[PDB]
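For reference, the chains in residue letters:
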Amino acid sequence: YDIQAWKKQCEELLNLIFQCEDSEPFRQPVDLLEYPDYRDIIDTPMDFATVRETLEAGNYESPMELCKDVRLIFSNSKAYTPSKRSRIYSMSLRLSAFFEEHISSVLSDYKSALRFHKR
Ligand SMILES: COc1cccc2c1CCCC(=O)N2
């Protein structure tokens with residue numbers, strides 16, 4: 001029932017994500033010089049360095065907010081891909097499966113702790 005435990009859990013999950021080779025395209029904001037039209041398609045850019053910095057700044061109140069930003073990295077990849085068989089998109093799908101598998105207990109434990117707090 002520790003309401004703050006999610007933060008270190010998210011830090012450790014982001015560390016695992018940065019070790020994953022599949023996170024390479026998503027570790028830093030997309031380079032507009034490499035993808036000139038990216039901002040015509042993507043309204044809200046997101047990347048794992050921005051997620052980590054937001055977390056470390058104390059600018060996430062809950063793991064749901066972090067999860068929303070991580071899911072935005074994956075939905076941006078899907079929206080920008082020219083093909084469902086593209087390399088970067090294919091990496092995003094494996095990374096998303098790994099993220100979802102690991103964030104599930106973080107979210108469940110936080111929501112349970114908060115329900116206990118408000119009992
Ligand atoms: C954070 O990096 C993202 C985010 C959304 C979409 C993509 C990428 C990587 C490079 C550009 C790309 O092909 N797709």
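Placed above this text is the structure.
Caption draft 1: Local environment of the site of the ligand. All residues in the neighbourhood of the ligand are listed as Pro-25, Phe-26, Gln-28, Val-30, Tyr-35, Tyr-38, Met-46, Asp-47, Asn-76, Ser-77, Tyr-80 and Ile-88. In this structure, an oxygen atom belonging to the ligand sits 3.2 Å away from a main-chain N or O atom of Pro-25. Coverage of the ligand by the protein chains reaches 93% of its 340 Å² of free accessible surface. Judged by its atoms lying within 2 Å of the grid points, the ligand is housed in the largest pocket. By residue number, the principal contributor to the shell around the ligand is helix α4 (residues 63-80), which donates three residues.

Caption draft 2: A look at the layout of surface pockets. Approximately 390 Å³ is the volume attributed to the largest pocket. In terms of lining residues, the largest pocket is bounded by 21 residues, among which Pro-25, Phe-26, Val-30, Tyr-35 and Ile-88 are the most central. Put simply, the parts of the chain that give the lining of the largest pocket at least two residues each are α4 and α5 (87-117). It is α4 that provides the largest number of residues to the lining of the largest pocket, a total of four residues. Along the lines of polarity and charge, the residues of the lining of the largest pocket split into twelve nonpolar, five polar and four charged.

Reading guide: rules and limits
- Residues numbered from 1 in each chain as written, not as in the entry; some residues may be left out.
- Heavy atoms only, no water.
- Residues with missing side-chain atoms left out of burial classes, pairs and counts.
- Near = heavy atom within 4 Å.
- Polar contact = N/O pair within 3.5 Å; in protein donor to acceptor, adjacent residues only side chain to side chain.
- Areas by Shrake-Rupley, 256 points an atom, 1.4 Å probe, with all protein chains shown as cover.
- 1 Å grid on protein atoms, 1.4 Å probe; cavity = no way out; pocket = protein on both sides within 12 Å on 5 of 7 lines; lining within 4 Å.
- Sits in = over half its atoms within 2 Å of the grid points.
- Helix = DSSP H or I, 4+ residues; strand = E, 2+ residues; numbered from the N terminus.
- Points joined across faces, edges and corners; volume = space filled by probe spheres on them.
- Nonpolar A, V, L, I, M, F, W, Y, C, P; charged D, E, K, R; others polar.

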